[PDB]
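**Student:** so I pulled this structure from the PDB, and the sequence comes with it:
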Amino acid sequence: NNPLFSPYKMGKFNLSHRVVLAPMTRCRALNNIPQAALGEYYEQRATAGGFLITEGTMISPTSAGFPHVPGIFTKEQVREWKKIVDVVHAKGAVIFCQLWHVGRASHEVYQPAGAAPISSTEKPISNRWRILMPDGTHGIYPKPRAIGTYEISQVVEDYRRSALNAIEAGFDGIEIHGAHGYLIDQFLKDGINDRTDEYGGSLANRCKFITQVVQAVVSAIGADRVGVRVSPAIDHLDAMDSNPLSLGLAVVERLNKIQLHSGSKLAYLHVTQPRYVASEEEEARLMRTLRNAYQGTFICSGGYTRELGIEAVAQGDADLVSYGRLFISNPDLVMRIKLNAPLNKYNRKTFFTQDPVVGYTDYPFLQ
Ligand SMILES: Cc1cc2nc3c(=O)[nH]c(=O)nc-3n(C[C@H](O)[C@H](O)[C@H](O)COP(=O)(O)O)c2cc1C
Ligand SMILES: CCOC(=O)/C(=N\O)C(C)=O
């Protein structure tokens, strides 16, 4: 029996299997408005009792660092998301919206009035990394503006309002993108956060921002509708920490405490495998250490295959396994994993293009 097809109770959500659509930016949401193409894409991948997480979704006008990514901060966006959620729900799937602020991982071209992007720090991402521009060229990450505590409270409110908007659109819940060197990770990582106020210095202070964000969304929509994604060890956008395992455990402690205070568990903790990029034992150590420390559901992501996903669930390393790239090219990935059917190759060249069909909805199902 395939352990990926054991049912799982993710809080009040009864999942029929443990294969999850990982959140993936695809850049088809023209002008930050969800489009009908997204509805077709998510519908193709939805299964009865399966869990889907959307592409990262803007919480405010300053939260983007990619072209044509959806927002959920306007009523127009909420109206269009509702059409997509309705088609996914008609297939019996559960869907969460990932709330995403990129912080310093942006460019003047993506910011209102060409202003600098915001961060914990004035330190830019280094020139080892370049940003995808709307014309398909690559640009230079600029120096961000370091925000004060009033503005931090405004950003927390943007997460809270976006969570309420997601519920209004019919989403089952939201995921906080606290990973991958984006805004929240720019507060978490000691390689980035050079602040001397209450949001920097100590590990406890560096965890303040994520704690406040999670508390705000939990208060607004309930813990069982909130998932949290982190990546304490990741090679992405110069987001390093001197002690990744202690950073991860400090975040896990905060999430455990939020749950005890709220009297309810979060939907899940979602952790990226350190092997994933845009020793193996230290990486496996870290994943299992975080899972064992967290009082709740654990989703693993990053480089998983059918075999590795089966092993993760069978060995108790994770409750759910999210797949990215293979879900791009296999709309029926769940069925293919169930049948052990051969998988289709994916085309990286069309990961972030704008076409509503090509490289998006035209990967074939099984015959
Ligand atoms: C095209 C693409 C876009 C992605 N965008 C996001 C994103 O918006 N938010 C996020 O948390 N992770 C994002 N990721 C990481 C994925 O959620 C996932 O963790 C990763 O793809 C898993 O590894 P796999 O592709 O080997 O299955 C993205 C990955 C890809 C390939
Ligand atoms: C490498 C880790 O970063 C990611 O996967 C990502 N978003 O989180 C994108 C847009 O690629």
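**Tutor:** Alright, I've got the coordinates. Numbering: from 1, shown residues only. Ligands and ions are numbered 1, 2, ... in the order given.
**Student:** what does this protein have sitting close to ligand 2?
**Tutor:** Within the chain, the positions near ligand 2 by CB under 6 Å from any ligand atom are 25, 180, 236, 277-278. Placement of C-beta: from N, CA and C, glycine included.
**Student:** hmm, who's touching whichever strand or helix holds residue 87?
**Tutor:** Residue 87 is part of helix 75-90 when elements are defined by DSSP states H and E. With contact meaning CB atoms under 8 Å, 6 or more residues apart in numbering, helix 75-90 is reached by 32-36, 38-39, 42-43, 46, 52, 70-72, 95, 97, 165-166, 168-171.
**Student:** so of these, which ones are in strands?
**Tutor:** Within those, residues falling in strands by DSSP state E are 52, 95, 97.
**Student:** does the last one touch residue 58 like I think?
**Tutor:** Right, the one you point to is residue 97. No - Residue 97 lies out of contact with residue 58 (CB atoms under 8 Å); the separation is 10.8 Å.
**Student:** more neighbours: these two, which one.
**Tutor:** Neighbour count, other CB atoms under 10 Å: between residue 97 and residue 58, residue 97 has more, with 29 against 26.
**Student:** show me what contacts that one?
**Tutor:** So residue 97 contacts 53-54, 57, 72, 81, 166, 169, 171, 173-175 (CB under 8 Å, 6+ apart).
**Student:** what about the spatially closest residue to residue 170 that is not a sequence neighbour, neighbour count?
**Tutor:** Nearest residue to residue 170, sequence neighbours excluded (CB to CB, 6 or more residues apart in numbering): residue 85, at 4.0 Å. The burial count assigned to residue 85 is 23, neighbours taken as other CB under 10 Å.
**Student:** the closest residue to ligand 2 within the stretch 1-150 of the chain is in what secondary structure piece?
**Tutor:** Nearest residue of the stretch 1-150 of the chain to ligand 2 (CB to the nearest ligand atom) works out as residue 25 at 4.2 Å. Under DSSP H and E, no helix or strand contains residue 25.
**Student:** what's the burial count for it?
**Tutor:** Neighbour tally, residue 25, other CB under 10 Å: 22.
**Student:** is the spatially closest residue to it that is not a sequence neighbour in a helix, a strand, or coil?
**Tutor:** Distances taken as CB to CB, 6+ apart place residue 55 nearest to residue 25, at 4.9 Å, with adjacent residues excluded. Put simply, residue 55 is strand when judged by DSSP: H, G, I helix; E, B strand; the rest coil.
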